[PDB]
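Since the structure comes first, as structure tokens, the remarks are kept for the end.
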Amino acid sequence: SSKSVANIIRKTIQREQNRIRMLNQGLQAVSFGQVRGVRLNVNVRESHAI
Amino acid sequence: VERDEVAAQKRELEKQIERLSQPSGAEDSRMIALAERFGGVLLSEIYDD
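In order, the protein sequence lines correspond to chains A and B. In terms of the numbering used here, the first sequence opens at residue 3 and continues consecutively. In terms of the numbering used here, the second sequence opens at residue 34 and continues consecutively.
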């Protein structure tokens, strides 16, 4: 059960990262003042990865 | 002798039960590494539902 829980957490994290990366493509090259692009950076915290 | 025979049957039963356990019951002994090492998905899992 613990192994399954870990695997499902990993799978959900991967899916959400993929979805956010997909969404990010639409905000490429937005010209606002000196701002030229916007990104939602998603990462896995080490304190929780371990 | 009866106890050992029953134990052998038992061990076979738990091995069979485990073989269907994770990630989706299959030849997970090496199928796991063979599956995540490459950007693919198990066919059985693909037809899981």
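Beta carbons are placed, not taken as given, at the ideal position from N, Cα and C, and that holds for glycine.
With a Cβ-Cβ cutoff of 8 Å, do B:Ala66 and B:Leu75 count as a contact?
-> By one-based count along the second sequence, residue 66 of chain B stands at place 33. By one-based count along the second sequence, residue 75 of chain B stands at place 42. Result no, Cβ atoms of B:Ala66 and B:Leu75 do not sit closer than 8 Å.
Closest residue to A:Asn45 among A:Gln19, A:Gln27 and A:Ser33 (Cα-Cα distance) = Within the first sequence, the letter at position 43 stands for residue 45 of chain A. When each option's Cα is compared against that of A:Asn45, the closest is A:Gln19.
Min CB distance A:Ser6 to chain B below 8 Å = Your numbering for residue 6 of chain A matches position 4 in the first sequence. Closer than 8 Å: yes.
Residues sharing a beta bridge with A:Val37, DSSP | The residue given as residue 37 of chain A occupies position 35 in the first sequence. A:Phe34, per the DSSP bridge assignment.
Does A:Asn9 get closer than 8 Å to chain B when you measure Cβ to Cβ?
-> Taking the first residue of the first sequence as position 1, residue 9 of chain A is located at position 7. Yes - at least one Cβ of chain B is within 8 Å of the one on A:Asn9.
Along chain A, which residues have their Cβ under 7 Å away from the Cβ of B:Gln55?
-> Against the second sequence, residue 55 of chain B aligns to sequence position 22. Within 7 Å Cβ-Cβ: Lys5 and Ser6.
Starting from B:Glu60 and walking both ways along the alpha helix (DSSP H), at which residues does that stretch end?
-> What you label residue 60 of chain B is simply residue 27 of the second sequence in a count that begins at 1. First-last for B:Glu60: undefined, no H or E at that position.
From the DSSP output, in three-state form, read off B:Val34 for me.
-> Numbered from its first residue, the second sequence carries residue 34 of chain B at position 1. Coil at B:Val34, not helix or strand.
If you draw a straight line from the alpha carbon of A:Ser6 to that of B:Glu78, how long is it in whole angstroms?
-> Numbered from 1 along the first sequence, position 4 holds the residue referred to as residue 6 of chain A. Numbered from 1 along the second sequence, position 45 holds the residue referred to as residue 78 of chain B. Their Cα atoms are separated by approximately 14 Å.
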